[PDB]
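Participant: Handing you a structure now.
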Amino acid sequence: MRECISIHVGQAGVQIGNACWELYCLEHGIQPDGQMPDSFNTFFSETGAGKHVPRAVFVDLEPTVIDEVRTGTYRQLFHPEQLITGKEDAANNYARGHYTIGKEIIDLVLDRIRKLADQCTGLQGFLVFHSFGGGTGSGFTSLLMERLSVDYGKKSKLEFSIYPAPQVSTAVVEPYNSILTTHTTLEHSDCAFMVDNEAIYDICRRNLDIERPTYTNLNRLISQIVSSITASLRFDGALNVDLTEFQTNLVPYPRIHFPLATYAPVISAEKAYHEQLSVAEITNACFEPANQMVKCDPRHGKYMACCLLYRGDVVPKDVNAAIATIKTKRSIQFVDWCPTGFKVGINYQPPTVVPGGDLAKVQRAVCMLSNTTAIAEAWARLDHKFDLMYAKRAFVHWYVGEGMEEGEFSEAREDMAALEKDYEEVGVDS
Amino acid sequence: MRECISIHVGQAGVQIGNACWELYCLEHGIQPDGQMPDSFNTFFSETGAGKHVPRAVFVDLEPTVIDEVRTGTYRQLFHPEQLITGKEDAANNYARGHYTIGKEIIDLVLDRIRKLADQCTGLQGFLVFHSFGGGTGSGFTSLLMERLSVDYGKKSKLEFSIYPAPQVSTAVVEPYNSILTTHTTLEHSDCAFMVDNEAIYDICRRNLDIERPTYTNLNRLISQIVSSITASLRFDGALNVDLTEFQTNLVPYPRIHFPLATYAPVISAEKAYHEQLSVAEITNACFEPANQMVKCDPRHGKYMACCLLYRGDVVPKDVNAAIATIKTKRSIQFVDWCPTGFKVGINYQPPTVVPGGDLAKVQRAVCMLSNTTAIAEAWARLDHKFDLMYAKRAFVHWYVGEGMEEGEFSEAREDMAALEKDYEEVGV
Amino acid sequence: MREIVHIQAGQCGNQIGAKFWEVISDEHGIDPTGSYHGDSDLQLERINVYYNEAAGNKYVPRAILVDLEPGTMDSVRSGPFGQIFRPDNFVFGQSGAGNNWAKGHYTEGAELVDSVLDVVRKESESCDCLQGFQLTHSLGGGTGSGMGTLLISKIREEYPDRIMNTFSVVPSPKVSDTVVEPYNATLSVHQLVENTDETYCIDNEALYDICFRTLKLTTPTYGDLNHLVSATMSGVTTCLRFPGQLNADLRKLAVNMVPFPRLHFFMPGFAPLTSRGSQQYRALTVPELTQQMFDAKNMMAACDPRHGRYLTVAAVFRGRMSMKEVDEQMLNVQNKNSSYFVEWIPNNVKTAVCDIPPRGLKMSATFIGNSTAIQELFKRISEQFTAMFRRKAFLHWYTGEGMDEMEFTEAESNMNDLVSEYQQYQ
Amino acid sequence: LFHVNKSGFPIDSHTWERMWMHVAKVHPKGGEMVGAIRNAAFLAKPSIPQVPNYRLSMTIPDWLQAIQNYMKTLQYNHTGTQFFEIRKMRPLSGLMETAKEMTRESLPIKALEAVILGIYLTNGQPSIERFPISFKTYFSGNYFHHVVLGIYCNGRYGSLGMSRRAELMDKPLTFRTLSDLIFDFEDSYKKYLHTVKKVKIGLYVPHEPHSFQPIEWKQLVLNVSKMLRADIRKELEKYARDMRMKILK
Ligand SMILES: Nc1nc2c(ncn2[C@@H]2O[C@H](COP(=O)(O)CP(=O)(O)OP(=O)(O)O)[C@@H](O)[C@H]2O)c(=O)[nH]1
Ligand SMILES: Nc1nc2c(ncn2[C@@H]2O[C@H](COP(=O)(O)OP(=O)(O)OP(=O)(O)O)[C@@H](O)[C@H]2O)c(=O)[nH]1
Ligand SMILES: Nc1nc2c(ncn2[C@@H]2O[C@H](COP(=O)(O)OP(=O)(O)OP(=O)(O)O)[C@@H](O)[C@H]2O)c(=O)[nH]1
Ligand SMILES: [Mg+2]
Ligand SMILES: [Mg+2]
Ligand SMILES: [Mg+2]
């Protein structure tokens with residue numbers, strides 16, 4: 001009677017979903033074939049004989065990644081209809097994903113959503129996973145979220161995107177995709193959690209002591225954060241925080257709902273022995289600038305509202321003590337119109353570690369979400385990228401060839417400028 | 001509750017820290033791997049499952065000595081990140097350590113000092129170990145000390161430096177480095193403890209009868225002194241002397257804080273059989289000129305304030321009789337404006353002996369700290385050395401080319417002139 | 001006779017009420033199964049005050065439980081002493097109110113409110129002489145605040161001639177686990193003033209201070225705080241269940257404490273609170289209790305009584321004591337601290353002695369002080385409100401449920417009015 | 001006190017009428033010239049000063065002079081109404097946007113936005129390096145404050161800025177030491193019988209325009225009046241050495 005359904009679009013979304021469903025199957029004891037050897041009800045449906053079906057919809061205009069999942073070790077987990085595939089990729093083109101190649105598939109996915117949301121009694125929202133840089137993760141997510149917003153007006157949708165990094169990048173037309181997706185991510189979703197690859201690369205290089213990390217480690221970290229978010233819905237603790245509660249706690253004004261996530265303690269199995277990892281230590285580890293998963297310095301901003309989802313062996317007195325020492329510090333600057341800025345939540349289930357991965361089996365962990373004003377830097381850089389390319393009209397002919405109109409490029413830019421201006425004008429004193 | 005964090009900088013600092021931490025591990029029973037088979041709280045932190053981590057920060061701009069610690073017999077003790085390294089040393093150059101190579105590493109160490117200080121419920125102070133001759137142990141310690149003074153304005157910092165000797169030396173630009181380091185060690189410190197290598201070599205040649213000593217013996221003796229200073233925080237005794245009580249009774253004026261340590265009885269394992277080692281004898285031995293660990297002549301100067309930290313089998317009556325006998329001696333010349341200048345502390349913990357060391361299993365020991373005026377001469381000689389080189393501007397092009405300016409030499413020298421004038425002013 | 005209906009709303013209220021029922025049942029000698037294995041006939045004489053007899057000779061609490069999320073019903077029923085309640089008295093919703101006053105009072109609570117009135121009506125029309133109601137809730141929230149306010153308004157509209165006793169846990173500045181507390185607190189206490197006869201402002205900060213300082217507990221969980229609150233609760237209404245030399249029902253306390261109609265917000269206390277180590281270094285006599293009650297470090301509301309005179313004080317003693325002792329002690333307490341009492345009240349202390357003490361004690365006492373310092377506890381909240389409402393922060397979530405902006409100004413205006421009325425008598 | 005435009009552009013009705021009421025009140029004659037300029041059918045179009053461009057041949061002291069004459073040409077504001085709202089704690093990039101739009105519009109300028117303009121102009125030269133200076137001073141039973149922009153090109157200290165007075169806002173690169181510069185400012189301040197009380201010095205500004213580093217103003221602060229000038233000079237020279245070696249952080 002408390003549920004949310006997951007949609008994974010594009011290569012990045014599907015590949016993160018792989019790690020996510022590995023983690024969820026591990027936490028509740030579900031075998032890879034879906035057979036258990038009532039907390040699973042949030043993410044799994046029981047269909048007689050103990051078969052567990054995830055509430056997932058895997059979608060990709062290109063069939064190679066979905067085929068990789070179909071042939072992988074979880075072929076028996078999902079039922080086959082959920083894994084939807086196109087014929088040819090969007091090819092890093094927003095206009096192919098949204099207009100040309102998205103039309104032929106969108107109905108075939110929407111009805112599937114209409115099926116899944118008709119099986120559950122109480123539904124809390126959606127967990128959409130995508131990437132900004134791609135042509136699928138931008139255009140197809142735009143189409144899907146528009147359709148859902150006109151369909152289900154009052155169901156929260158949580159995007160978990162992957163924003164492009166400042167320097168590290170793997171495509172030439174990323175700014176054009178991200179600026180075009182800024183319109184859908186605003187005004188349709190309810191809480192978008194930006195993430196970068198460069199920040200997690202630094203975290204794996206420094207904390208975990210891995211010189212050559214690949215995408216699997218990043219996917220595992222993001223899966224840990226999402227499993228921490230959707231933890232009060234599955235287990236029980238001293239304080240419980242569902243979706244709408246932390247939505248009311250975080251979002252001050254309707255148009256600024258872009259928190260940046262954090263996690264702690266991320267440590268290798270070797271350094272664990274020399275560490276105590278008390279509540280105060282992990283609570284202080286969340287606020288240092290060397291742990292943010294967006295390549296931006298939080299010291300050049302202020303925190304509007306914060307949310308500290310604890311889990312494991314924690315008690316509220318320690319949390320109050322740690323929050324007190326945080327409030328004493330002058331480096332951590334809060335905003336004057338938010339005299340109380342912490343939404344605490346404690347859970348009894350400790351973190352789970354995947355066997356193939358590299359993370360210490362710690363006894364308590366905290367997930368920190370912050371609606372800080374430092375996020376604008378992560379946007380501002382990207383605008384400059386757009387400004388450098390659109391001045392020469394470079395690559396625009398590819399987009400206008402697929403039916404897209406040119407004025408939308410300037411409309412998206414002015415929308416993004418308005419978003420940055422609104423995000424900056426709050427946070428001023430008094 | 002009573003905690004200090006020690007910082008070791010440069011080759012000399014790290015190599016003395018090796019001996020210090022071996023000594024503390026032997027003192028409190030901790031094995032080399034950290035597993036004990038509540039006095040440890042001053043230096044160690046328990047981390048669950050009975051594993052004790054030191055409160056230490058080893059620093060160096062060259063990974064050659066810290067690498068030996070990392071691959072040495074104490075690899076499992078220190079936290080792996082506490083040991084901080086660079087890529088290229090300061091190269092006996094002050095400016096390379098304070099300006100060019102030091103600025104790329106200072107943040108990584110200040111973050112860890114902050115992380116360690118957060119784990120302390122009540123912090124007493126710091127313990128910085130370095131050497132004046134080096135370029136790392138002058139420039140980097142200057143940078144770190146400035147930053148710590150800005151950050152932790154209240155805690156007291158106790159230096160333990162290895163001052164250059166009059167005759168024996170292992171570097172050609174020691175006077176420049178020392179004169180540059182003196183500004184930071186005078187402005188930001190609280191009690192700078194000077195040491196010579198020639199004095200300790202002579203001590204081992206005479207008392208211990210070791211004809212061919214090396215740096216291990218020197219570091220072991222210095223470590224024994226440091227263990228004697230911080231004994232009152234860890235153990236209990238009749239008269240306890242913490243760091244702030246220690247600093248008072250020794251610093252009469254804000255700038256006169258350069259005492260010089262001593263220790264007794266230092267003897268071979270075989271010579272102890274014939275020697276009585278009563279309290280009166282060790283007290284008299286502490287005041288002789290042949291046991292000072294600075295190559296200096298105390299007979300040509302007056303003791304302003306003194307402090308005798310005893311430990312082992314002692315009771316206050318013998319201490320009082322010994323001090324009375326000392327005060328009536330004519331060679332022991334005290335200053336008029338200090339009618340009493342003997343601070344006394346006692347502990348019930350006798351000294352420990354390392355298994356591989358050449359020292360006797362004594363039953364009672366005393367650490368003798370003195371704020372005498374003779375140490376001016378120990379500085380004066382070094383100033384003479386400076387005057388011989390700076391006249392020709394020899395070796396100055398390295399310093400100016402690394403980033404530093406030229407007036408710093410002149411102003412450091414004038415500051416030493418002022419310091420010597422101040423030391424000569426008192427005791428008139 | 002003089003039976004009491006008990007209601008519980010929200011997680012905090014439900015947990016405190018569960019502990020209260022454990023304490024009460026242990027006091028009366030009731031099996032967890034609901035059967036009776038007592039020893040003294042005084043336990044069974046006034047069992048009807050809180051319990052209903054049921055066939056097979058078992059006793060069911062006269063309790064109703066409500067929440068908008070069904071998890072707390074599961075936790076309460078699964079926990080100890082969870083089977084005594086009647087299942088049909090449980091009332092649950094689809095999902096919680098997040099933390100939204102307008103959601104638990106206008107949109108999502110208005111649909112469930114009819115069931116709670118219906119079960120309350122059935123419980124109240126199945127008795128002969130009803131004294132009043134008792135609710136537990138928290139001001140800083142959406143369910144316990146909004147639903148509780150709606151419930152008391154409806155019940156008072158339906159029973160003008162009864163009394164209410166809301167044991168509300170106010171929000172404190174230091175320990176804070178929610179971002180929109182001031183809005184909810186102001187919106188609720190706007191309606192508690194006019195629709196309630198007594199309100200006992202408990203606070204979590206003062207409770208934690210009691211655990212660390214007096215009890216000397218290493219790890220105080222919510223169980224300990226709920227146990228202290230339950231002890232106060234059982235103390236307040238003991239005279240309705242046991243005989244005493246000088247007894248006082250709820251209405252006597254109401255007409256003694258309250259000089260003027262708006263001033264009914266109390267601050268409780270309890271003694272003897274003693275640590276485990278310091279059991280043997282005390283005499284356990286009336287002087288010790290009287291000194292411990294008036295200690296400023298023993299009030300359960302995080303306020304300093306030294307910054308305000310006591311308008312009126314009560315002390316419901318519990319045990320076998322002499323009465324001359326109590327009178328002389330609570331006379332010289334007033335004379336010694338005359339500067340901390342009101343000049344225009346000749347006597348500020350109403351005592352009451354009951355013979356039967358708590359189970360694990362020889363004697364005890366419950367302090368109920370109507371102090372004028374309580375304005376501070378509200379003043380801070382008002383400040384926080386003005387910090388947020390100046391910029392309309394987090395406000396669209398409340399306007400989205402059909403709640404206008406002028407309600408906030410109305411509640412704040414009334415809040416200042418009440419604080420001024422309390423400050424007027426200093 | 002002078003009020004600040006905050007409606008972006010154009011100027012809203014409220015600030016418009018407020019400024020006109022202010023100028024009507026303070027001007028002793030008042031309504032005559034005010035109404036004449038309001039109801040003037042035709043007025044001379046002001047010219048647009050052209051932003052100078054850096055050239056390698058011409059020397060750097062002449063560059064600072066050139067920026068100074070352009071700033072002088074921009075008709076220092078004494079209308080008593082700020083036109084471009086500035087925040088001290090705001091990240092630098094916002095201030096660069098403010099500077100470039102201000103150059104585009106070319107309206108009257110006060111001291112704070114003058115030094116921001118100086119930073120914007122001089123941002124293109126790594127050899128040049130600049131920082132802020134502030135004074136809190138006392139005169140006629142009231143405290144006042146002033147801000148200027150110091151420069152340390154070619155191992156020499158110079159100053160730029162703005163003021164209603166003449167010699168308090170411009171000095172050349174002719175100072176060996178920062179102490180000589182600040183004491184010259186103190187003497188010029190004494191020339192108006194105004195007593196300096198406190199002096200504040202910040203940091204070298206980064207040369208990257210699109211960055212979020214805020215501007216520091218209070219890294220060094222002294223009470224100049226109480227203390228004798230020798231200690232002030234010594235502390236200031238220590239601080240200048242600490243700055244030019246980039247040690248301070
Ligand atoms: N003595 C106790 N205090 C509690 C307990 N639970 C919460 N509190 C306090 O209650 C405060 C908020 O109360 P609630 O979370 O119950 C608000 P409520 O659940 O009634 O509305 P919803 O969130 O819509 O469910 C919280 O900050 C805690 O400090 C408890 O079990 N015992
Ligand atoms: N964290 C993470 N990021 C990924 C992963 N795979 C791709 N990305 C990011 O995705 C961005 C490129 O967009 P894609 O998601 O690959 O585009 P797409 O969704 O496949 O859509 P098409 O281009 O039409 O195929 C790159 O900048 C990567 O940073 C992954 O496995 N993990
Ligand atoms: N007593 C003692 N002195 C030492 C020891 N190691 C080095 N020294 C002294 O240190 C002085 C020079 O300083 P160094 O430590 O070698 O130089 P540094 O501090 O490492 O700085 P760099 O030259 O840049 O590496 C020499 O004169 C030695 O006498 C030691 O283990 N014990
Ligand atoms: Mg693809
Ligand atoms: Mg070296
Ligand atoms: Mg709840």
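So you can find residues: chains in the structure tokens are A, B, ... in the order shown, residues in each start at 1, and ligands are numbered from 1 in order.
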Please return, as an MDAnalysis selection string, all residues of chain B lying within 12 Å of chain A when only C-alpha atoms are considered.
Facilitator: chainID B and resid 33:35 44:55 75:82 108 111 114:119
Participant: Just need the residues of chain D within 9 Å of chain B, counting only C-alpha atoms, so spit them out as a PyMOL selection string.
Facilitator: chain D and resi 245-247+249
Participant: Using only C-alpha atoms for the distances, tell me which of A:240, A:185, A:262, A:373 is nearest to chain D.
Facilitator: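 Among the listed residues, the smallest separation from chain D belongs to A:373.
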Participant: Residues at most 12 Å from range 40-52 of chain D, counting only C-alpha atoms, excluding those fewer than 2 positions away in the same chain, as number ranges by chain?
Facilitator: D: 32-38, 54-55, 62-75, 100, 102-107, 117-118, 120-122
Participant: Looking at D:225, D:213, D:195, D:81, which one is nearest to chain A, with distances taken over only C-alpha atoms?
Facilitator: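 Of the candidates, the smallest distance to chain A is held by D:213.
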Participant: Would you name the residues within 8 Å of ligand 3, counting only C-alpha atoms and all ligand atoms, and put them as a ChimeraX atom specification?
Facilitator: /B:9-16,60-62,89-93,97,130-138,162,164,169-171,174,196-197,215-216,218-219,222
Participant: Kindly work out which residues sit at most 7 Å from ligand 2, using only C-alpha atoms and all ligand atoms, and give the list as number ranges by chain.
Facilitator: A: 9-13, 15-16, 61-62, 89-93, 97, 130-137, 162, 164, 169-171, 197, 215-216, 218-219
Participant: Go ahead and write the selection's residues with N, CA and C atoms as an mmCIF file, in the first residue's frame.
Facilitator:
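Final output, out20.cif:
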data_model
loop_
_atom_site.group_PDB
_atom_site.id
_atom_site.type_symbol
_atom_site.label_atom_id
_atom_site.label_comp_id
_atom_site.auth_asym_id
_atom_site.auth_seq_id
_atom_site.Cartn_x
_atom_site.Cartn_y
_atom_site.Cartn_z
ATOM 1 N N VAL A 9 15.702 4.727 -18.874
ATOM 2 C CA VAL A 9 15.743 5.107 -20.282
ATOM 3 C C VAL A 9 17.177 5.413 -20.675
ATOM 4 N N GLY A 10 17.615 4.839 -21.789
ATOM 5 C CA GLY A 10 18.947 5.073 -22.295
ATOM 6 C C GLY A 10 19.968 4.147 -21.672
ATOM 7 N N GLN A 11 21.180 4.203 -22.224
ATOM 8 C CA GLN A 11 22.246 3.320 -21.766
ATOM 9 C C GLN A 11 22.603 3.594 -20.313
ATOM 10 N N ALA A 12 22.774 4.869 -19.955
ATOM 11 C CA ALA A 12 23.158 5.204 -18.589
ATOM 12 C C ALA A 12 22.083 4.798 -17.593
ATOM 13 N N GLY A 13 20.822 5.093 -17.904
ATOM 14 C CA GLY A 13 19.746 4.717 -17.006
ATOM 15 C C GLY A 13 19.625 3.217 -16.841
ATOM 16 N N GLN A 15 21.955 0.983 -17.286
ATOM 17 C CA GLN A 15 23.125 0.435 -16.616
ATOM 18 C C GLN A 15 23.119 0.754 -15.129
ATOM 19 N N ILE A 16 22.584 1.912 -14.735
ATOM 20 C CA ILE A 16 22.403 2.176 -13.312
ATOM 21 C C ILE A 16 21.326 1.265 -12.743
ATOM 22 N N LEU A 61 15.789 3.141 -27.239
ATOM 23 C CA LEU A 61 15.576 3.148 -28.678
ATOM 24 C C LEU A 61 16.541 2.226 -29.411
ATOM 25 N N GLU A 62 17.690 1.916 -28.810
ATOM 26 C CA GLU A 62 18.697 1.026 -29.366
ATOM 27 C C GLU A 62 18.616 -0.319 -28.662
ATOM 28 N N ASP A 89 19.041 3.950 -32.599
ATOM 29 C CA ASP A 89 19.258 4.888 -31.512
ATOM 30 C C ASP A 89 18.851 6.297 -31.922
ATOM 31 N N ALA A 90 18.751 7.172 -30.922
ATOM 32 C CA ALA A 90 18.570 8.589 -31.192
ATOM 33 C C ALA A 90 19.852 9.250 -31.673
ATOM 34 N N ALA A 91 21.005 8.611 -31.471
ATOM 35 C CA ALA A 91 22.284 9.111 -31.969
ATOM 36 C C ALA A 91 22.580 10.505 -31.426
ATOM 37 N N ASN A 92 22.507 10.640 -30.104
ATOM 38 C CA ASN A 92 22.851 11.866 -29.391
ATOM 39 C C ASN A 92 22.055 13.073 -29.885
ATOM 40 N N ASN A 93 20.903 12.838 -30.509
ATOM 41 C CA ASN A 93 20.070 13.884 -31.084
ATOM 42 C C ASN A 93 18.804 14.004 -30.250
ATOM 43 N N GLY A 97 15.065 11.660 -30.601
ATOM 44 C CA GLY A 97 14.436 11.012 -29.466
ATOM 45 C C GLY A 97 13.044 11.540 -29.190
ATOM 46 N N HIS A 130 17.783 8.640 -16.054
ATOM 47 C CA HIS A 130 18.133 9.073 -17.398
ATOM 48 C C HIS A 130 19.443 9.843 -17.334
ATOM 49 N N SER A 131 19.895 10.313 -18.494
ATOM 50 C CA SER A 131 21.079 11.151 -18.607
ATOM 51 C C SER A 131 20.770 12.366 -19.462
ATOM 52 N N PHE A 132 21.391 13.486 -19.107
ATOM 53 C CA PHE A 132 21.144 14.725 -19.832
ATOM 54 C C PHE A 132 21.846 14.748 -21.181
ATOM 55 N N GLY A 133 23.073 14.231 -21.247
ATOM 56 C CA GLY A 133 23.862 14.368 -22.458
ATOM 57 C C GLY A 133 23.281 13.641 -23.649
ATOM 58 N N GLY A 134 22.650 12.501 -23.419
ATOM 59 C CA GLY A 134 22.197 11.670 -24.512
ATOM 60 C C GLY A 134 21.057 12.289 -25.293
ATOM 61 N N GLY A 135 20.804 11.697 -26.455
ATOM 62 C CA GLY A 135 19.669 12.070 -27.270
ATOM 63 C C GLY A 135 18.425 11.306 -26.876
ATOM 64 N N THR A 136 18.610 10.106 -26.326
ATOM 65 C CA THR A 136 17.488 9.344 -25.794
ATOM 66 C C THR A 136 17.091 9.851 -24.417
ATOM 67 N N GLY A 137 18.057 9.941 -23.503
ATOM 68 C CA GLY A 137 17.779 10.371 -22.146
ATOM 69 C C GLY A 137 17.217 11.770 -22.040
ATOM 70 N N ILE A 162 22.184 12.399 -14.660
ATOM 71 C CA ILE A 162 23.643 12.435 -14.622
ATOM 72 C C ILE A 162 24.053 13.685 -15.385
ATOM 73 N N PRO A 164 26.288 16.563 -17.094
ATOM 74 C CA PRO A 164 27.651 16.551 -17.643
ATOM 75 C C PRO A 164 28.645 17.263 -16.735
ATOM 76 N N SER A 169 34.236 14.879 -20.461
ATOM 77 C CA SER A 169 33.049 14.728 -21.286
ATOM 78 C C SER A 169 33.347 13.719 -22.380
ATOM 79 N N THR A 170 32.288 13.130 -22.929
ATOM 80 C CA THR A 170 32.387 12.081 -23.938
ATOM 81 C C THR A 170 31.418 12.334 -25.082
ATOM 82 N N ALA A 171 31.203 13.599 -25.427
ATOM 83 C CA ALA A 171 30.360 13.936 -26.564
ATOM 84 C C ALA A 171 30.537 15.410 -26.875
ATOM 85 N N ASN A 197 29.970 12.489 -13.173
ATOM 86 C CA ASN A 197 30.926 11.394 -13.200
ATOM 87 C C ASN A 197 32.274 11.791 -12.622
ATOM 88 N N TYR A 215 32.632 2.325 -14.846
ATOM 89 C CA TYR A 215 31.266 2.759 -14.581
ATOM 90 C C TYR A 215 30.553 1.903 -13.544
ATOM 91 N N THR A 216 31.009 0.672 -13.310
ATOM 92 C CA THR A 216 30.325 -0.190 -12.352
ATOM 93 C C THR A 216 30.373 0.398 -10.946
ATOM 94 N N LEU A 218 30.650 3.616 -10.081
ATOM 95 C CA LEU A 218 29.764 4.772 -10.032
ATOM 96 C C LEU A 218 28.313 4.334 -9.905
ATOM 97 N N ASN A 219 27.927 3.323 -10.682
ATOM 98 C CA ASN A 219 26.568 2.813 -10.606
ATOM 99 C C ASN A 219 26.270 2.252 -9.225
#
Participant: Given a cut-off of 10 Å, what residues near ligand 6 show up using only C-alpha atoms and all ligand atoms, put as a ChimeraX atom specification?
Facilitator: /A:239-242,245 /C:9-14,67-72,95-99,141-144
Participant: Can you list every residue of chain A that has an atom at most 12 Å from ligand 1, with its nearest atom pair and the distance in Å to one decimal, using only C-alpha atoms and all ligand atoms, ordered by chain then number, as a Markdown table?
Facilitator:
| residue | atom | partner | partner_atom_place_in_ligand_line | distance |
| --- | --- | --- | --- | --- |
| A:237 | CA | ligand 1 | 6 (N) | 10.7 |
| A:238 | CA | ligand 1 | 6 (N) | 7.4 |
| A:239 | CA | ligand 1 | 15 (O) | 7.1 |
| A:240 | CA | ligand 1 | 15 (O) | 8.0 |
| A:241 | CA | ligand 1 | 23 (O) | 8.0 |
| A:242 | CA | ligand 1 | 23 (O) | 9.3 |
| A:243 | CA | ligand 1 | 23 (O) | 11.6 |
| A:244 | CA | ligand 1 | 24 (O) | 9.9 |
| A:245 | CA | ligand 1 | 23 (O) | 7.3 |
| A:246 | CA | ligand 1 | 23 (O) | 10.3 |
| A:248 | CA | ligand 1 | 23 (O) | 10.9 |
| A:249 | CA | ligand 1 | 23 (O) | 11.1 |
| A:316 | CA | ligand 1 | 29 (O) | 8.9 |
| A:317 | CA | ligand 1 | 29 (O) | 10.5 |
| A:319 | CA | ligand 1 | 29 (O) | 11.6 |
| A:320 | CA | ligand 1 | 29 (O) | 10.1 |
| A:340 | CA | ligand 1 | 27 (O) | 11.7 |
| A:342 | CA | ligand 1 | 27 (O) | 10.6 |
| A:343 | CA | ligand 1 | 27 (O) | 8.9 |
| A:344 | CA | ligand 1 | 27 (O) | 8.5 |
| A:345 | CA | ligand 1 | 27 (O) | 9.9 |
| A:346 | CA | ligand 1 | 28 (C) | 11.5 |
Participant: Based on the selection just made, write C-alpha atoms of those residues as a CSV table (one decimal), in the first residue's frame.
Facilitator:
chain,number,residue,atom,x,y,z
A,237,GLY,CA,12.8,3.1,12.5
A,238,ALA,CA,12.6,5.9,15.1
A,239,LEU,CA,11.6,8.5,12.5
A,240,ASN,CA,10.0,7.7,9.1
A,241,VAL,CA,10.1,10.0,6.0
A,242,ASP,CA,8.2,9.1,2.9
A,243,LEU,CA,8.3,10.9,-0.4
A,244,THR,CA,5.8,13.8,0.2
A,245,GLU,CA,7.2,14.5,3.7
A,246,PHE,CA,10.7,15.2,2.5
A,248,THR,CA,7.5,19.4,1.8
A,249,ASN,CA,10.7,19.7,3.9
A,316,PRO,CA,18.4,10.4,18.2
A,317,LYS,CA,20.5,12.0,20.9
A,319,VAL,CA,22.0,13.0,15.9
A,320,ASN,CA,20.9,16.1,17.9
A,340,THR,CA,15.5,25.3,11.4
A,342,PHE,CA,17.3,19.8,9.3
A,343,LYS,CA,14.8,17.0,8.6
A,344,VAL,CA,16.2,14.0,10.4
A,345,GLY,CA,15.2,10.4,9.8
A,346,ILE,CA,16.5,7.2,11.4
Participant: Can you tell me how far CA of residue 352 in chain A sits from CA of residue 201 in chain A, in Å to one decimal?
Facilitator: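 It comes out at 21.5 Å.
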Participant: Using only C-alpha atoms, determine which residues lie at most 6 Å from range 181-194 of chain C, disregarding the query and same-chain residues fewer than 4 positions distant; provide the list as a compact mmCIF listing (two decimals) with N, CA and C atoms, in the first residue's frame.
Facilitator:
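What follows is the written file around31.txt:
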# COMPACT_ATOMS: atom_id res chain seq x y z
N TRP C 101 -0.20 20.76 7.92
CA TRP C 101 -1.40 21.03 8.71
C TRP C 101 -2.64 21.01 7.84
N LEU C 139 2.26 19.30 18.48
CA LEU C 139 1.91 20.50 17.74
C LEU C 139 2.71 20.62 16.45
N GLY C 140 3.95 20.14 16.44
CA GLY C 140 4.81 20.28 15.28
C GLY C 140 4.63 19.15 14.29
N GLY C 141 3.52 19.17 13.57
CA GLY C 141 3.27 18.11 12.61
C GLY C 141 2.00 18.39 11.85
N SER C 145 -1.34 17.45 14.97
CA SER C 145 -1.75 18.84 15.13
C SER C 145 -3.09 19.12 14.45
N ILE C 381 8.76 30.41 19.38
CA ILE C 381 8.04 29.90 18.21
C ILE C 381 7.59 31.06 17.33
N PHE C 385 8.30 31.76 13.37
CA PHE C 385 7.24 32.00 12.41
C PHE C 385 7.53 33.26 11.61
N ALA C 411 -3.71 33.53 12.89
CA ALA C 411 -3.11 32.71 13.94
C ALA C 411 -1.98 33.45 14.65
